[PDB]
Amino acid sequence: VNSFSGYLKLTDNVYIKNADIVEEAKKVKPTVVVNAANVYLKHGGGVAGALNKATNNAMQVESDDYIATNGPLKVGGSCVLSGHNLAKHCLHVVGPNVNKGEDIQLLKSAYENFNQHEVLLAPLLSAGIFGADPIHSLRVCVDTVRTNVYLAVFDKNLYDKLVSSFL
Ligand SMILES: O=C1CC[C@H](Nc2ncnc3[nH]c4cc(F)ccc4c23)C(=O)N1
């Protein structure tokens, strides 16, 4: 039993809700919140910009030190950093950005990072400003993640479409 509330159950392990991931994280304080990161951990917009703003830019400060030490992530890769005031940990995961020409096949590799964590609050990878089809992202999530994932979808219209079209 966990503290997530109001989710629709899609499969044995995947749950979905129309919610602002920032507000959901502040309420649940999950062990792991997933950020829709880029390889530079520059949290400018989309989910990343919103999560970073909610930390009063502390996420960005921590991230800049991480990059100065380690260099950029790989597309499809991840790193674990602090969750600040939102969660115990933040798993920064880099899905391919279609608006940069990156290979959508890397979306499965990106979701594989979730399997290192028993329970996660997460957005749909590569959705929103990353330019992929969110219906496809949900399919890859369900077919790749085996741990318990609670998906927050900000847009109510998109949420209804994701549910109604789910196979
Ligand atoms: O760009 C996108 C849009 C679709 C989906 N985004 C989100 N998912 C969940 N909660 C969210 N809260 C936000 C707060 C913001 F200010 C901006 C974006 C989001 C957002 C995604 O995957 N990427």
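One is the number of the first residue; the rest follow in order along the sequence. Just so you know, ligand 1 is whichever comes first in the structure, and atom 1 is the first atom listed for that ligand. All values below were derived from every heavy atom in this structure, side-chain atoms included, with hydrogens, water molecules and symmetry-related copies excluded.
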Looking at ligand 1, is there an atom of it that comes within less than 4.0 Å of some heavy atom belonging to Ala152?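 For ligand 1, residue contact (heavy atoms, under 4.0 Å) with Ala152 is present.
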Give a yes/no verdict on whether any heavy atom in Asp20 is under 4.0 Å from an atom of ligand 1.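 Flag set, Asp20 near ligand 1.
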Who's the nearest protein heavy-atom neighbour of atom 1 (O) of ligand 1, and how far?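 Going by distance alone, atom 1 (O) of ligand 1 is nearest to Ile129 N, 2.9 Å.
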Considering only protein heavy atoms, which is closest to atom 2 (C) of ligand 1, and at what distance to one decimal place? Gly128 CA, 2.8 Å
Ligand-residue contact atoms, ligand 1 with [X], heavy atoms, under 4.0 Å:
X	answer
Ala50	14 (C), 15 (C), 16 (F)
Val47	6 (N), 7 (C), 8 (N), 11 (C), 18 (C), 19 (C), 20 (C), 21 (C), 23 (N)
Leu124	22 (O)

So is there a nitrogen or oxygen of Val153 less than 3.5 Å from a nitrogen or oxygen in ligand 1?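 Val153 vs ligand 1: no N/O contact under 3.5 Å.
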Are any of the N/O atoms in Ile21 less than 3.5 Å from those in ligand 1? yes
Are side-chain N/O atoms of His43 and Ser63 paired as donor and acceptor at under 3.5 Å?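 Yes, a side-chain donor-acceptor pair sits under 3.5 Å.
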Indicate whether any N or O donor in one side chain lies under 3.5 Å from an N or O acceptor in the other, for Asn57 and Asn52. yes
In terms of its nearest heavy atom to atom 17 (C) of ligand 1, the top option of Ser137, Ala25, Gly46, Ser126 is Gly46
Just checking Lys42: does its NZ atom have more than 12 heavy atoms from other residues, nucleotides or ligands closer to it than 6.0 angstrom? no
Near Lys27 NZ, under 6.0 Å, is it more than 12 heavy atoms from other residues, nucleotides or ligands?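 For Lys27, atom NZ is crowded (more than 12 foreign heavy atoms under 6.0 Å).
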For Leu124 versus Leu162, what's the shortest heavy-atom pair and its separation?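 Looking at all heavy atoms of both residues, the shortest contact is CD1-CD1, 3.6 Å.
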Search all heavy atoms of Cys90 against all heavy atoms of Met59 and return the closest pair with its distance. SG-CE, 4.0 Å
Short side-chain to backbone donor-acceptor contact, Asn18 and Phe154, under 3.5 Å: yes
